Structure formats: C-alpha cells, structure tokens
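First comes one chain, alone, set out as structure tokens in the form deposited in one PDB entry.
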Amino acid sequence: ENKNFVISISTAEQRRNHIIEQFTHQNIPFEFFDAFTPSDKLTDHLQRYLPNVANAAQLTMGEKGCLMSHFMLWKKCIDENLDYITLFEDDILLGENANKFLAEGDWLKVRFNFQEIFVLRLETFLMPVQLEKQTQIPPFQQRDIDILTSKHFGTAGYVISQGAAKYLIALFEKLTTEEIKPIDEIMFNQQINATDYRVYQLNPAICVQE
C-alpha cells in the first residue's frame, strides 16, 4: 500500500509534472494529495478538526492550508493503519539514490518501532531565519536593533510513524488559539525535547526544496 504522498495544489501543473518526472525516473511509487487553498473545503475542515486554528490571526490562510494538508495525511495514516507515511511538498528536488530510501520500507522496519513517536527528516536540515531588520527604532553606535524570529524550518520531506501521527493530531487539536504557530515551528522547533517525541535527521539529506 502507498506510503509516499506529495502535497500539491491540484492546478499546479508544471510542479506536478516535475514531481512525476523525478519519481518515475527513480521508480518511486507515490500519490499526490490535493493541497488545501483558501476555499470552503479548507474552512469546513478547520471547523471540523481545528477550530482553535480557524480563530488564529497569527497564521495566514496559506499556513492554515499547509497545516490542514499535513493533518489530513496524518489522519490517512491512522485510518489505513499504515506503520508510517512519507510526506513531501511539490517543490522538492530528489538526490541520486533517493529510491534506496523511498521505494522500500525495509530499512525503516529494521530500525524503528512504528508505535513509538518519531519523525525522520529526509529534507536538508534548515537553519531558521532569526534576525528581521526594522526601521521603527533607530540604530545606536552603528549597531542595528533587529527583531528575533525563528521561521521556515521546512515540512517538504519527512517520514512520520503511526505513533507520531496520533501524537501530532492530538497536539494540534489540544493547542489553544494563542499556542498555534505554523506547522514547521511546532514540529521541528517547539516540540523538540518534549517527552516521547523524537525528530531524526537523515545526514546527508536525500532531497531539498527549490
């Protein structure tokens, strides 16, 4: 049964073509998941599963769509009782030998207990954006006063266990409107060190976002 899903807007024809070309070339089975966009489908799904996220001003409707797409794929994993599911965004470039990781699950089956709670990053480890410049407050002694953020950690390529699929559905359903952040900031920053939640990194990575 199919484990590799590529999150793609249904009308993103060129991106879908570049994905099909690369996956076909390395004989890696996959399906598209039709990414949520500003729509009634997104609005109703947010209301059905994440009304806490529907009310969150601090997320753009694009960021809300991204989170809903990943969420529904965590649901699919539970519903089909898959051991794991592997999720990509449609702007990824596969490395040579990605098929050694992405065609077969045996290397996962001999390393992992799928009831345990883990994510394995397949995408390159990304340094967050941290210093934003601002003009409101003037510099002093030729040093700037920047704003601190931690943004864009990347959700474009990871394996998630059934255990972590359950864990993350519950987490995003649990969080108050004030606690909501973009999916990447929770999955790959805030929840790191949490009790029983492990994130692994394939080094070197087997794909990267364009």
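Numbering starts at 1 and follows the sequence shown. Heads up, when I say rigid core I mean the largest set of C-alphas that superpose within 1.5 Å between the two forms.
Would you determine, from the values in the PDB entry, which of 155 to 163 and 44 to 52 has the greater average C-alpha temperature factor?
Mean C-alpha B-factor is greater for 44 to 52.
Return whichever of 61 to 69 and 146 to 154 has the greater mean Cα B factor according to the PDB record.
Looking at the record's C-alpha B-factors, the answer is 146 to 154.
Among 89, 106, 83, 132, single out the one with the highest C-alpha B factor in the record, please.
Going by the entry's C-alpha B-factors, 132 comes out highest.
Based on the PDB record, which member of 77, 122, 110, 127 exhibits the highest Cα temperature factor?
In the PDB entry, the greatest C-alpha B-factor among 77, 122, 110, 127 is found at 127.
So where's residue 4 on the chain's Cα temperature factor ranking, which third?
Tercile = lowest for this residue's CA B-factor.
What third of its chain, lowest, middle or highest, does the C-alpha temperature factor of residue 170 fall into?
For residue 170, the deposited C-alpha B-factor lands in the lowest third.
Ranked by Cα temperature factor within the chain, is residue 20 in the lowest third, the middle third or the highest third?
Its C-alpha B-factor, which the entry lists for residue 20, ranks in the lowest third among residues of this chain.
Among the modelled residues of this chain, does the Cα B factor of residue 184 put it in the lowest, middle or highest third?
Bottom third by C-alpha B-factor.
Residue 199 - Cα temperature factor, lowest/middle/highest third of chain:
It belongs to the lowest third of the chain when residues are ordered by C-alpha B-factor.
Note that the form deposited in another entry isn't included here; everything after this is about it.
Superposed on the rigid core, does the Cα of residue 140 end up 2 angstroms or more away between this form and the one not shown?
Yes.
Rigid core fit then residue 81 CA moved by 2 Å or more between this form and the one not shown
It does not reach a 2 Å shift.
Quick one: once the rigid core is lined up, does residue 43 have its C-alpha move by 2 Å or more between this form and the one not shown?
Where the cores coincide, residue 43 shows only a C-alpha shift between this form and the one not shown that is less than 2 Å.
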